[PDB]
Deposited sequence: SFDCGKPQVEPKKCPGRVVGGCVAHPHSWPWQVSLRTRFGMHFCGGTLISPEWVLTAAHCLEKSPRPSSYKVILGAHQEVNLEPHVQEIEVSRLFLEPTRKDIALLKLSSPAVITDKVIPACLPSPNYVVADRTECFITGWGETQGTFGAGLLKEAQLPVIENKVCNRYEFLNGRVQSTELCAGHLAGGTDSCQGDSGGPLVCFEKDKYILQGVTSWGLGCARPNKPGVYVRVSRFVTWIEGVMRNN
């Protein structure tokens, strides 16, 4: 009884390196991906009770679903609250054109609560406009900024691909199935441990998943925005996997 994309605790939305610590449970689709006996190493986004979207490179350690588990409803990176859901992964579906996106099927459906709610997917092939303010979240490296060990958020503007691909920026590296976000001055960015997590943009009354954290030329460097897989180019594929599996 919770609509996708609508947090039950309002996000702080403060103007992960930089940014701020999120209000607990204000990003209820945020997933922590772990190995069977391991700690957090990547993020993900709950997109339905049985399905988590992440980056394909987060599965490089093992091709077997039994190697992975997801933590839902968390705020701490290490000290799990006495209400979080821990669910083993049952299947791995990597994007077939070899782009950096993958679906995890959960061994049992997540219980949807005020703290665990799926994100909404965009319309197929939607292109986020230049300068749109979006939010990235995760438990990654902070490079000396406050908030290590807690779920962090940062608000970053999207940079259109034609700009991001200029020589002084990312010099032709960014593909049409990727998008860029960040401040050219640097200082605020997703970082190691944030891969696979969400980039969301607010539209009307809910948050829409537009990016999956993927790579960068470092983190938070001036003139080097972060790169995210463009979710809208994969919605049709995602829908097909869920429908057929």
Counting from 1 along the deposited sequence, give me every gap where there's no C-alpha, start to finish.
16-17
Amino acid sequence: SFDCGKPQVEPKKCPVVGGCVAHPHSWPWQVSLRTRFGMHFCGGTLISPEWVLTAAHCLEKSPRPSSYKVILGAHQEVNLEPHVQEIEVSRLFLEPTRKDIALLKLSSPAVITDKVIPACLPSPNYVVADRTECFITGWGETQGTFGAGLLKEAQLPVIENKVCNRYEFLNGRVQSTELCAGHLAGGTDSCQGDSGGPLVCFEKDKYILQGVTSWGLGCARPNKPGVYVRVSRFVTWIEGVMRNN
From here on, numbers count along this sequence of modelled residues.
Comparing 170-178 with 93-101, where is the mean C-alpha B-factor higher?
170-178
For the C-alpha atoms alone, is the average B factor greater in 225-233 or in 6-14, going by the entry?
6-14
From the entry's CA B-factor values, the highest among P118, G73, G138, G149 is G149
Criterion, highest CA B-factor; candidates, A185, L46, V200, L217
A185
Entry-reported C-alpha B-factor of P63 relative to its chain, by third, is middle
Which third, lowest, middle or highest, does the CA B-factor of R36 fall in along this chain?
highest
Going by the CA temperature factor in the PDB record, which third of the chain does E153 belong to: lowest, middle or highest?
lowest
Split the chain's modelled residues into thirds by Cα B-factor; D205 lands in the highest
